[PDB]
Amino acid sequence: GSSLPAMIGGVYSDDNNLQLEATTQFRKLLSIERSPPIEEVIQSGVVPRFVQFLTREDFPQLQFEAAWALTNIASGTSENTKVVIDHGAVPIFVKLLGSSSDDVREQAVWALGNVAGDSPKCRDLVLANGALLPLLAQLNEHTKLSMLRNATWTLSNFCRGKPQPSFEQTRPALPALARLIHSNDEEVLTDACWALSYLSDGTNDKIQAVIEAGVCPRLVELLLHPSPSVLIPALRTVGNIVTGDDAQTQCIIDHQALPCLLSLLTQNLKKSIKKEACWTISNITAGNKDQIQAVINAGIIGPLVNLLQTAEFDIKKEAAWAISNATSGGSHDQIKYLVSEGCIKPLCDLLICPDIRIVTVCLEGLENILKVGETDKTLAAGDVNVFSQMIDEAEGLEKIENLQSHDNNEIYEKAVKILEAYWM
């Protein structure tokens, strides 16, 4: 308000003290908690001067205040961030990653995090200006916690967003991230885990690089972190890795992930966490017979069947895939074990749910079970498929009979196939 002219005059003067005083006043203004007057500061024409001040390497205090003011302008809308970009600040902030002033380096790290954070395009511009390697180079065994937090956050923004950055562009981050997840600091952990969650989201080559960075054992430890801020991205990353092939999935299983994931289903945790854990388990029971056996040995099937029967629909859906996948890849005895743990009833109950994908997955699971029952029938020269009796008793047979009315052709044909094979 009433100070503004002295402030604009200060930044436009050639006097070091007036520049520092004015820039400091603007920095304070831009640091107010709610609705900082970012637009007013831009309109007052001081941004290009702030950007010039970044290059004053004789005057680290002015560089710092100017960097903080610019960080805060770049924390606003996309249009606010675009003004910082248009005035050439990104390459200058990258250069400041090599400043001998610790405060300035940290501020430059923060500023670049805010720019990268705006969108995939701004992230790509930051990476294109070579920010990654100098960001990493000034990290080491001696780095202040305040710097570790800022750099890890910025790193996570360099990795964030769809479409994803090139894997070649973010690869140098993997070894730093693999070290950072050994911090005990929750903030560093939170951001490093988000970053790994982004880098592991994609094709099996991306997952391979993440695994080769050596993170699996520690990611699995962090499944037990008491803070949801850490647990959630750790769990997301673990989930991403087991979308990969059998050997990649085995790298997670080999570090007692399954007992950890089970404890997430049995603690009193938010629905979205349990849903994530069931999805992850589902991608594990989609694996080979040894991996199914590991899920069994961990004691997961009982809890999983209870969820399938009684949980909120979002969780039930993942439990369904999880049980159905196990019936698809499992051996005869593994399948009998799922039946002895009570899976038939809940699979039957879901034949009437409004989601056709789930109806199909339940039907397929029941079909796999029926085949097993029929093999037992043959081997005992028996009269009855025991599992078809069970499906009948769970009121699954009448539900299958009504699926002959279903719109969906795949469901219809499957139902007919099942009825003709086991009830003719």
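Rigid core: the largest C-alpha set superposing within 1.5 Å between the two forms. Throughout, we count residues from 1 along the sequence that is shown.
Root-mean-square C-alpha deviation from the shown form, taken over all structures in 5 other deposited structures of this protein superposed by the rigid core, is larger for 403 to 411 than for the alternative among 403 to 411 and 15 to 23. Averaged over their C-alpha atoms, the temperature factors of 54 to 62 and 381 to 389 are higher for 381 to 389. Between 199 to 207 and 178 to 186, the higher mean Cα B-factor belongs to 199 to 207.
Residues shown: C362, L30, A67, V47. Highest C-alpha temperature factor in the entry: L30. Ranked against the other modelled residues of its chain, the C-alpha B-factor of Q138 as given in the entry falls in the highest third. Among all modelled residues in its chain, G329 ranks in the middle third by Cα B-factor. In this PDB entry, the Cα temperature factor of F158 sits in the bottom third of its chain's modelled residues, the lowest group.
Placement of the Cα temperature factor of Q169 within the chain: highest third of the modelled residues, per the deposited record. Ranked against the other modelled residues of its chain, the C-alpha B-factor of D118 as given in the entry falls in the lowest third.
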